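The numbers here are math on the coordinates, done by the rules we state, and not lab data. Quick reminder, even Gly has a Cβ in these numbers, built from the backbone with ideal geometry, and neighbours come from all protein chains shown.
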Number of protein chains: 2
Amino acid sequence: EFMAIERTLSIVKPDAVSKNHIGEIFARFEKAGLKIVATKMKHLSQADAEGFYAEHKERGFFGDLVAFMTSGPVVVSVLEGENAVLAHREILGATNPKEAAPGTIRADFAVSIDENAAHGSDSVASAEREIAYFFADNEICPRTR
Amino acid sequence: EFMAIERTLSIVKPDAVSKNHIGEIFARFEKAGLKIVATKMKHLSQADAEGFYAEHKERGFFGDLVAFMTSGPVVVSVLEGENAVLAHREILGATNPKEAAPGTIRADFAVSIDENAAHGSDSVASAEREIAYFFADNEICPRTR
């Protein structure tokens, strides 16, 4: 081990779920050495989505964001690995798919920032909050084999 | 539509989870036209596994099966699509990896029948039972987009 093991939140957003890219996206996580240690498919209620993005409730984009993130089922996951927060963001690419590097999830599975295929926690601090929002601690499944 | 839409249970077993093949296996489901309409990662308790395989509780292989299926986390999913029960079994390949056709999940991710990477429901009838074992009806997430 050379970097601290971290946990970060992934969401496969309703666009990428609807286009059946869950496996492709998961496979990218695993290829990069991250471990999926929790996952569940959910259709977010309005309150679920509003609570997750509560920091931004007064922002102009909030309504559309909440509508999109409740428009179809998502997959929420916890990814574990060395340097996971930044490693995940590297795989994801830039938040804006138009700026995302070739071969990244945003570049390959999205075209615009409003529907950009996947979420990743921005920081170690925000990951702790985001994971706790969707998962009980005892829901997370450490590897035992 | 030319065949009835069916739902079937998938389990990515503790071996394939431990070797980080969840994405690869999911991607195969989606490539074959199946939709993941529910999924969750779980570490089965002894009672969970014994209840799922209750038909076989008096069989000689039962103890080892239960030990294996509780040895690490699994991913349980519901797959939906035309002819899904048999379509899933075609992707999985023979239950015995030594008999499984090249390019199937059992052939590619397993070597022996006791730890054979993945479960698929045997029939429409057993799928109904198996899905109901792990999922509430309202847990399943129909596509809305």
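Structure summary
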{"read-out": "Search result, residues across the range B:103-122 that are more than 13 Å from the chain's Cα centre (by Cα), within 12 Å of B:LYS13 (Cβ to Cβ) and surrounded by 15 or more Cβ atoms within 10 Å (Cβ to Cβ)", "value": "B:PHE109, B:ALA110, B:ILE113"}
{"read-out": "Residue within the range B:68-77 that is in contact (Cβ under 8 Å) with a residue 12 or more places away in the chain, of a type outside the set (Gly, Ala, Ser), under 14 Å from B:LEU9 (Cα atoms) and in contact with a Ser or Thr (Cβ under 8 Å, 6 or more places away or on another chain) present", "value": "yes"}
{"read-out": "Given (1) surrounded by 21 or more Cβ atoms within 10 Å (Cβ to Cβ); (2) farther than 20 Å from B:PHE26 by Cα; (3) of a type in the set (A, V, I, L, M, F, W, C); (4) in contact with a helix residue (DSSP H, G or I) (Cβ under 6 Å, 6 or more places away or on another chain), number of the condition A:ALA84 does not satisfy", "value": "(4)"}
{"read-out": "Matching residues in the range A:124-133 - criterion: being loosely packed, with under 13 Cβ neighbours inside 10 Å and over 17 Å from A:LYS42 (Cβ atoms)", "value": "A:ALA125"}
{"read-out": "B:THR104, sole failed condition from (1) in contact with a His (Cβ under 9 Å, 6 or more places away or on another chain); (2) of a type in the set (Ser, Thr, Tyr); (3) away from chain A (no Cβ under 14 Å)", "value": "(1)"}
{"read-out": "Residues that are surrounded by 13 or more Cβ atoms within 10 Å (Cβ to Cβ) and more than 13 Å from the chain's Cα centre (by Cα), drawn from the range A:134-143", "value": "A:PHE135, A:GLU139, A:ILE140, A:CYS141, A:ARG143"}
{"read-out": "Test result for A:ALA100, surrounded by 12 or more Cβ atoms within 10 Å (Cβ to Cβ), small (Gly, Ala, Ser) and either closer than 18 Å to A:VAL17 by Cβ or touching a residue at least 12 places away in the same chain (Cβ under 8 Å) (or both)", "value": "no"}
{"read-out": "Considering residues of the range A:1-43 that are free of Cβ contacts under 8 Å to residues at least 60 places away in the same chain, more than 7 Å from every other protein chain (Cβ to nearest Cβ) and closer than 23 Å to A:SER123 by Cα only, the residue surrounded by the most Cβ atoms within 10 Å (Cβ to Cβ)", "value": "A:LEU34"}
{"read-out": "The listed residue being within 14 Å of another protein chain (Cβ to nearest Cβ) and of a type in the set (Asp, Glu), out of A:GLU130, A:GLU99, A:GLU115, A:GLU90", "value": "A:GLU115"}
